[PDB]
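Just so it is clear, none of the values below were taken in a lab; they were calculated from the coordinates. Cβ coordinates were reconstructed from backbone atoms using ideal geometry, including for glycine residues, and neighbour counts include every protein chain displayed.
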Amino acid sequence: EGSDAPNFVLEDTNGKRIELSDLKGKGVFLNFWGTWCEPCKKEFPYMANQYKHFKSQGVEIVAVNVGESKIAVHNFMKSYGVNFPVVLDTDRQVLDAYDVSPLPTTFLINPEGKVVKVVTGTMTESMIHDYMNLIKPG
């Protein structure tokens, strides 16, 4: 099932490198976003609330910021109560690898490392809950 998720290595705002394949065995909620994006701002609180429930079920979020600076991303994270991994796609290489156009776009990656579902546009908390249940191990 699914299609192969392009691997990547990107840094968080503290310079820590995160590699997608290192998250194999967990479900990954891979969300592309920007600080200016209203549909992204609407869903971030929902992601944070649900992350409290799903981390202990083996789901990880990787929120890939599209092109913005460490300070801009730091400020956003603090403003929206972000408790999950955020990485910086500084040169849009990962955006391009995932063929992302509108923001937000989310990829639901199963524990085997395959993309099983794609979602464009903003998501309700109920939708996010369903999506995380879909990819949890196992």
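Data table
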| quantity | calculated |
| --- | --- |
| Integer Hz, Karplus 6.51/-1.76/1.60 couplings in order for the stretch 13-24, x for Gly and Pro | 6, 9, x, 6, 6, 10, 10, 4, 5, 5, 9, 4 |
| Rounded to whole Hz, the Karplus (6.51, -1.76, 1.60) HN-Hα couplings of the stretch 44-52, x for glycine and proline | 4, x, 5, 4, 4, 4, 6, 4, 4 |
| Count of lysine pairs in the chain with Cα separation under 14 Å (8 or more residues apart, or interchain) | 12 |
| Protection proxy ranking, peptides 21-27, 119-125, average beta carbon neighbours within 10 Å, highest first | 21-27, 119-125 |
| DSSP beta bridges in the chain [antiparallel fraction, %, rounded to 5] | 60 percent |
| For the stretch 9-60 versus the stretch 102-116, the gap between their alpha-carbon centres in whole angstrom | 11 Å |
| Vicinal HN-Hα couplings computed from phi for the stretch 81-90 (Karplus, 6.51 cos²θ - 1.76 cosθ + 1.60; Hz; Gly/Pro x) | x, 6, 10, 10, x, 10, 10, 10, 8, 5 |
| Cα-derived Rg to Rh of the stretch 1-120, Kirkwood definition | 0.92 |
| Computed over the stretch 70-128, Kirkwood Rh from alpha-carbon pairs, angstrom | 13.5 Å |
